[PDB]
Amino acid sequence: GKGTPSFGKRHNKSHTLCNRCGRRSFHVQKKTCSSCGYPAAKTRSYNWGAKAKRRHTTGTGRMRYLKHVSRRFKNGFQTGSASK
Amino acid sequence: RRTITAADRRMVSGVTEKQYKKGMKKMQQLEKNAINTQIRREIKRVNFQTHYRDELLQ
Amino acid sequence: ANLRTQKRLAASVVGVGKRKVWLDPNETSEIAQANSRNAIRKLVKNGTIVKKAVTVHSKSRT
Amino acid sequence: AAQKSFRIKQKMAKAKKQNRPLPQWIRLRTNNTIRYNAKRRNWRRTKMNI
Amino acid sequence: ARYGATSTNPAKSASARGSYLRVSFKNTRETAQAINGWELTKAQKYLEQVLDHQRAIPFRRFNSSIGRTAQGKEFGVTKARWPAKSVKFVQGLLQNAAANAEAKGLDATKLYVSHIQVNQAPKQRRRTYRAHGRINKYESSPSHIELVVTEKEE
RNA sequence: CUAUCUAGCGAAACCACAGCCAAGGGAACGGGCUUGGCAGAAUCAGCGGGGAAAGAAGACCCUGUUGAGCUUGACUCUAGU
RNA sequence: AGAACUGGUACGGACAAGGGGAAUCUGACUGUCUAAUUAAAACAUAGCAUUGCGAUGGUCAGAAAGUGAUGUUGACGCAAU
RNA sequence: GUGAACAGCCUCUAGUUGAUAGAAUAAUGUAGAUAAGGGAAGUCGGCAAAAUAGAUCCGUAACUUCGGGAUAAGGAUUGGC
RNA sequence: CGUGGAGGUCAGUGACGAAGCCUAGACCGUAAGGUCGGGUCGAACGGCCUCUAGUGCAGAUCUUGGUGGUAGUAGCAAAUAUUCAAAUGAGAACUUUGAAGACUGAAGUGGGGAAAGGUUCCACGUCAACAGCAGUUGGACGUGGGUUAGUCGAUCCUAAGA
RNA sequence: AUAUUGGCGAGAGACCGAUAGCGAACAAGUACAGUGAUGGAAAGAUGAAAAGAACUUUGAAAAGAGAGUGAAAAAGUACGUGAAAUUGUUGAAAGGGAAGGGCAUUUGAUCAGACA
Ligand SMILES: [Zn+2]
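Protein chains in written order, with the numbering used here: chain A, 104 to 187; chain B, 2 to 59; chain C, 76 to 137; chain D, 1121 to 1170; chain E, 100 to 253.
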């Protein structure tokens, strides 16, 4: 049987967790995440995956550093002790 | 010596055991009220197999 | 009450099976406090728990 | 499994600490709209694929 | 609480109610209509006879394909059944209603059950799994019940 | 063991409206029309005539200025050599 | 292995456990395949025969390359039938 | 233990005694079985089922690539003491 | 005729109750539709002159949501089999203990492990939902506890290969 | 001078008004599915204020009935109003193998205007 019997034998993975996107896409036999090719320096982003870009682009995280840049520009990229 | 229980923590932080029992039962009620809707709005488009083979020729 | 635990512990203590273990029905109120595993040995020694003997298999005929 | 990795034991621990109901004192706050924990998980129903 | 259509004086009547119960509406309606207009004592004797499997309940509307019997002959029908679960809830509410009537100061010797009705309630759903990898529902028919007793006059 | 009766639990397909016949005519084989025969609540188990019963049934013919798989000394080109 | 004796002629006492034979068509055989309608006389098979190639090569690949399979090879071999 | 045997059947240690139940025993079914005399007359067709079946002894043809055929066929016996 | 919005206007209606909804209660119009009374309800809404449009549904094997007859029906029938007494409990065909009968019958319905699962393990409390009957029970609900390595494994080596 | 559906900050609209408008008005690229690429929802409103139902009583309990809060529980967290399909009770009426509909009138109910 090609269905119910042959779905018992599905007990060995082909994908594991990627260190770069944290999700089960790291192929093990070829060692290449199918969502952001991990050994490759460039993240996968195709213009036809226009929804996929929304899920992984900027804003979708914390923006540890970036979200203070507009604050620090408004003031002139300034330095030193404040005032009295 | 055991001068702490979870009941005592939640007693210190407001809720009595009566409040706990009642509010728990309401949170159980709402989960079932929602599961009703998920089982209700699904039976339509759940048997819509893409590749049924229809074991009947002759 | 429910002594499904005490039976298991009695087996593991005695070194015998869960099916060769006899809990006295007239001492459920006593056994039900035997949560520990020392308190099972105390009862085995008192006779409130008993190891039953082998269901005989005989070799006379053969 | 038993012979597992720490990268996975971490992610199981997180799921253990996540598998609880909602604290009842959240429901007493003023402008509250949280009734229950809608992200609950148990091994019978939903497998976390890791 | 607002009850159904009741043409009686509220002073000589006592009410009861049970909501979101997990009995079958179809059987509970028959159980309820078999005691409308009756006295409480005769009804409570009847509902116990039922559980003893004497003096059946007649099934009049929701009666398709069920079996026949001879305890229907005192009602004229030939289809009847003995629904224990429905009977038990109804007995509970009769008890509650008599209690309330007693507390309001009415005489149980000459009460009768004037308005009794059941309603449909929200379903409770589960899945059953059929052949060829498809699902179908398997859901209950819960019932509200409401009940009024009142003391007889001319 | 089922079916059957009972306690509990409790779906589905299908559904214009629905459900007694004969003859006529009619989209050329009426549940409804027309003329007649008749016609008395509510129903249980079965049944497989009918409901031109239902269904992600089989093939047969045709049209389309719709395609695809394959072949060739069809037309137009091509990697390679 | 043998002999008496015995029994409602039973006795591999239950279980377990080959139906046999004469002829024809076909494929030699064991083996493989249409997972979920075709296990076959189809496929493969050993065996027979042909063809190309003596390495600056034969067959094949790659977008290309200071690139590759046969090849850790060399006609009693590789490749194609 | 039987037995050639990890077969089948029965038991010891260990484990379980879980699968919605009660009553009644109509038809039609599912699974299992029996059958007078005849014995494939049924049927597209011996499909299905039945018969045979183990072990010991005797005896075993055509044909043959001499290796097989062959458990050929076909007959007898089987316990207990 | 009607609908959503726009500009003007009635110094328009209105918490002494706007809109909406129900009304085999009334009136007007051929009709589209408008108007009134009553009940319910609780905050905005209309008439006239004009502007503007995502403007009027019985259908599309229409979309989404919800609901019915079928119907208390088909049915919950594989895996040899359950029974008695007591305890707990509101309540026991199904929980627990004991007694009995039985089965798996060592290529097991046993004891352990690899993958995989993820705390399902154990205890206390508990039964609204789940366990297609039930449930005092539970792999469920809630709260907690629990995995100890110089010697077992990974780690180290290389294989086909990358 | 020019371009700009992205980013930061702002102002507005004869726009949509929770099946609409971004997929998302809400813990939405969330839950969930799939080996994976990818796919991808639903879900707004108590009330001015929780004053979120003290206490009594029947029940094993949920709950019920009274009581109470409130302007209103015909607002009781399954909460604004609360349609229809579908359903229960009461009341009226009818009913020999359908029902419904048109014209006409009887009978019953109901309305009328009263010319007061
Ligand atoms: Zn990645």
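Beta carbons: idealized from backbone N, C-alpha and C, even for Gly.
Contact check for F124/E against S240/E passes: the beta carbons are separated by less than 8 Å. Where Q219/E is concerned, the enclosing beta strand (DSSP E) starts and stops at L210 to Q219.
Counting along the chain, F49/B sits inside no alpha helix (DSSP H), nor does DSSP assign it H or E at all. With fewer than 16 neighbouring CB atoms inside 10 Å of its own CB, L57/B falls in the exposed class. With 16 or more neighbouring CB atoms inside 10 Å of its own CB, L246/E falls in the buried class.
Around ligand 1, the residues selected by a Cβ distance under 7 Å to any of its heavy atoms are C121/A, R123/A, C124/A, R126/A, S128/A, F129/A, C136/A, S138/A, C139/A and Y141/A, following chain order. Straight-line measurement puts the Cα of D9/B at about 40 Å from the Cα of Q194/E. Rounded to the nearest whole angstrom, the C-alpha separation of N135/E and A107/C is 51 Å.
CA-CA distance, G164/A to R123/A, rounds to 13 Å. For the region 1154-1169 of chain D, the set of residues with a beta-carbon nearer than 9 Å to any beta-carbon of chain B comprises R1155, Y1156, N1157, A1158 and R1160, in chain order. When the beta-carbon positions are compared, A155/E and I215/E stay at least 8 Å from each other. Residue pairing by DSSP places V247/E opposite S114/E and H214/E in a beta bridge. For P157/E, the closest alpha carbon among the candidates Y237/E, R180/E and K203/E is that of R180/E. The distance from the Cβ of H118/A to that of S128/A is about 6 Å, consistent with a contact at the 8 Å cut-off. Exclusion of the five residues before and after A183/E leaves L150 as the residues of its chain whose Cβ lies within less than 7 Å of its Cβ. Chain-order list of chain B residues neighbouring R1147/D: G24, by C-beta distance under 7 Å.
Contact check for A200/E against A110/E fails: the beta carbons are separated by 8 Å or more.
For the C-beta of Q50/B, the chain E residues within less than 7 Å are, from N- to C-terminus, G232.
Along the length of the region 107-161 of chain E, whole alpha helix (DSSP H) runs at least 4 residues long occupy 124-132 and 139-150, reported in chain order. Within the region 167-179 of chain A, no residue has its Cβ closer than 7 Å to any Cβ of chain D. Residue burial annotation: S104/C is exposed, with fewer than 16 other C-beta atoms found within 10 angstroms of its C-beta.
The beta carbon of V88/C is closer than 8 Å to those of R112, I115, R116 and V119 in its chain, skipping five residues each way along the sequence.
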